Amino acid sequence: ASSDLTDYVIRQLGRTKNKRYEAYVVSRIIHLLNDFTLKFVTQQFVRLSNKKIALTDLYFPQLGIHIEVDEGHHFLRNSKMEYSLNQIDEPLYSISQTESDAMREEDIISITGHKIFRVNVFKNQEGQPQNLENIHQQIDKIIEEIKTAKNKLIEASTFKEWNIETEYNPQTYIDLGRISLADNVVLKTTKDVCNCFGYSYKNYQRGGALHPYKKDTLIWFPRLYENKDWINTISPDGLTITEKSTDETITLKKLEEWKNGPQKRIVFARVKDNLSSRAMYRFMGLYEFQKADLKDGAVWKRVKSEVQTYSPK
């Protein structure tokens, strides 16, 4: 019941820490904010413009807001990170590509529209930390920024309150009427996403399933990274997906299937749950086939950020 919320919060604030001042700053933001109708995520993997994998310290999905602790390079529990400058809206802390290759299956999202606030814990680093008065000031301004964000969304009636029990349940989206990219939709299994579009399934094996009420649309469950069978990628923008095969012959023979098959795909990408290391499937949008190269394989572009959902037949 509510205990699920309790456990979830505890676990998010109980991760092994990457930065020295992370735990303090995030815990103070959460506790002072004191709004648990707001879902948050800690150590959220994101993808930068340059395709390197990064992360942010605290992430509110509903508001599209990130919060990042700036310690500079010196003090890091993980020497597995690196400190660089990037686009204004992108984090300063990155993962080395060597271990970003083992982080493929992890849940990695797109920050394009999102805002990032920084907390500066060092006055004239290296060395001396800033006084707590300043840090508390930054944290307070951030907190009220968050609050005004939430109020802006409720005023636009685009804000859906967070419920643990209903969020992984297909019926809630069937009732809602749409699965939206902005509602941050992730479902526990393939059978569930199938059951949003009119299937009734005990469970589902396949890597794709035909959409019942649209013949030109295919429900797709790809790994958006490279695996043994397929080499797939998705741009930081979220707009461009490429689909190729580790064997070129399979690609060449997939050309015909792609051009003559369903031209639209509803994509649910397989991602590891950030807690509990488990299979999950996140809604990436409605994509339309564009062209099939032999070299670059298949290229799908995203026409829609929301799809209509249906009751079973």
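Numbers for residues come from their place in the sequence shown, where the first is 1.
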inquiry  = Mean CA temperature factor from the deposited coordinates, higher in 272-280 or in 255-263?
reply    = 255-263
query = Which is higher on average in the deposited entry, the C-alpha temperature factors of 7-15 or of 301-309?
reply = 301-309
Out of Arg104, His114, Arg223, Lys215, residue topping the C-alpha B-factor column of the entry = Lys215
query = Reading the B-factor column of the entry, which of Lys123, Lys147, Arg178, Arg118 has the highest value at its C-alpha atom?
reply = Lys123
task = Divide the modelled residues of the chain into thirds by Cα B-factor and specify which third, lowest, middle or highest, holds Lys244.
result = middle
ask   = What third of its chain's C-alpha B-factors does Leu32 belong to: lowest, middle or highest?
value = middle
ask   = Among the chain's modelled residues, which third holds the C-alpha B-factor of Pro91?
value = lowest
inquiry  = Using only modelled residues of the chain, where does the Cα B factor of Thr190 rank: lowest third, middle third or highest third?
reply    = middle
message = Taking only the Cα B-factors deposited for this chain, tell me whether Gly127 sits in the lowest, middle or highest third.
response = highest
